[PDB]
Amino acid sequence: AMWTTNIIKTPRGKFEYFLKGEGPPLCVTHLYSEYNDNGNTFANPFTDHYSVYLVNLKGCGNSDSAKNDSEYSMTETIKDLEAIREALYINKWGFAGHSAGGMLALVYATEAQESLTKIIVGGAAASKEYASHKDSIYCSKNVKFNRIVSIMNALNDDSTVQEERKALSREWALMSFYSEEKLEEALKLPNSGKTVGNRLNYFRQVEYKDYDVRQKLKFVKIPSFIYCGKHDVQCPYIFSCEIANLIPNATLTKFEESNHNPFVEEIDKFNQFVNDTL
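The opening position of the sequence shown corresponds to residue 1217 in this note's numbering, with each subsequent residue numbered one higher.
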């Protein structure tokens, strides 16, 4: 039940990834996070039914670093994932992503759906318009906006002192969980996925302003399993509704007692969700 550490060489570079589980192949990654062999709490439930490939992207963990900023783009990321898939001699696999990882899932589908058995898309949006919605913490109309800007800026500073980083991370987590009890319990689970500054900066400064796949989603024909916490304050629930409506063969699963982290906030229901993607 341990995550295996792997290094794979491809024509597009060397990548570190972690394997756990038996069953159909499922790729899991995030747009700006790095993992270790503790695995990840979003990826872990899938290991009950899938062979899960938890990938460190360019600039993450022990994968190769980027020689140019363009290597961080979602398009280039998909090309990297496709090279990994090919190097594993896998014809088709699933892709599962949460939040920014969910946006990456949508781009995988629009660029290369023929390589995908399905997508699983959590707490995401089909365009940049989530950050202009008054129910998002990223929107200036939202009461939390000013505080969140301050927190994000401080967390993105490598000079921020340990005690301050600890406090800010706690504050962020509490905003991101419906139940304080569920947060405390989630912290006992093995986890990894530290923010990668290079990749976050690229998303915020370059990728975000051009992000919109709404029209292309109408031509995504693969099984698409969309989910979101009812109380998510990052990409509000309506944006998952939009995704599920636009994709012809999509389903939508609502997590009524979850904010941003249904996979640990409603473990039993999330397990049922995983089973239902098969």
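Note that beta-carbon positions come from the ideal geometry of N, C-alpha and C, so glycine has one too.
message: To test your reading of the DSSP string, which unbroken alpha helix (DSSP H) runs of 4 or more residues are found completely within the stretch 1328-1413?
response: 1361-1371, 1378-1392 and 1396-1402
query: If we ignore side chains and look at the alpha-carbon of each, how far apart do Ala1347 and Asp1285 end up?
result: For the purposes of this step, residue 1347 is taken as the residue at position 131 of the sequence shown. For the purposes of this step, residue 1285 is taken as the residue at position 69 of the sequence shown. Taking the straight line from one Cα to the other gives about 24 angstroms.
task: Please look up how many angstroms separate the CB atoms of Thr1411 and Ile1442, rounded, as I've assumed it's under 8 angstroms.
output: The residue you call residue 1411 lines up with position 195 of the sequence shown. The residue you call residue 1442 lines up with position 226 of the sequence shown. That pair is no contact at about 24 angstroms.
- prompt: So what does DSSP say about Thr1326, is it helix, strand or coil?
  reply: Your numbering for residue 1326 matches position 110 in the sequence shown. Reduced to three states, the DSSP call for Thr1326 is helix.
message: With a threshold of 6 angstroms on Cβ separation, who are the neighbours of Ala1341 within its own chain once the five nearest residues in sequence on each side are excluded?
response: Translated into positions along the sequence shown, residue 1341 becomes position 125. Excluding sequence neighbours, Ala1341 sits near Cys1451 and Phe1455.
Check whether residue 1164 and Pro1478 have beta carbons under 8 angstroms apart: The shown model of the chain, from 1217 to 1494, leaves out residue 1164, and the question about it has no answer.
Complete runs of the alpha helix (DSSP H) confined to the stretch 1405-1454 [at least 4 residues]: 1413-1418 and 1430-1433
task: Scan the stretch 1246-1327 and note each continuous beta strand (DSSP E) run of 3 residues or more that stays entirely inside, going in chain order.
output: 1267-1271 and 1309-1314
- request: For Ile1463, name the three-state secondary structure that DSSP assigns.
  value: Stepping through the sequence shown from its first residue, residue 1463 is reached at position 247. In this structure, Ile1463 counts as coil in the three-state DSSP scheme.
query: Ends of the beta strand (DSSP E) at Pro1241?
result: The residue given as residue 1241 occupies position 25 in the sequence shown. Run containing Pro1241: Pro1241 to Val1244, per the beta strand (DSSP E) assignment.
- request: On the DSSP bridge assignment, give the partners of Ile1224 in chain order.
  value: Translated into positions along the sequence shown, residue 1224 becomes position 8. Answer by DSSP bridge pairing, in chain order: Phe1231.
message: Given this structure, state the Cα-to-Cα distance separating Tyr1424 from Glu1396, to the nearest angstrom.
response: The residue labelled residue 1424 in the question sits at position 208 within the sequence shown. The residue labelled residue 1396 in the question sits at position 180 within the sequence shown. Going from the Cα of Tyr1424 to the Cα of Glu1396 covers about 31 angstroms.
query: How many Å lie between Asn1475 and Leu1399 at the Cα?
result: Here residue 1475 refers to the residue found at position 259 of the sequence shown. Here residue 1399 refers to the residue found at position 183 of the sequence shown. If I take the Cα positions, the gap works out to 11 angstroms.
query: Straight-line CA distance for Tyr1427 to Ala1282?
result: By one-based count along the sequence shown, residue 1427 stands at place 211. By one-based count along the sequence shown, residue 1282 stands at place 66. Roughly 21 angstroms between the two C-alpha positions.
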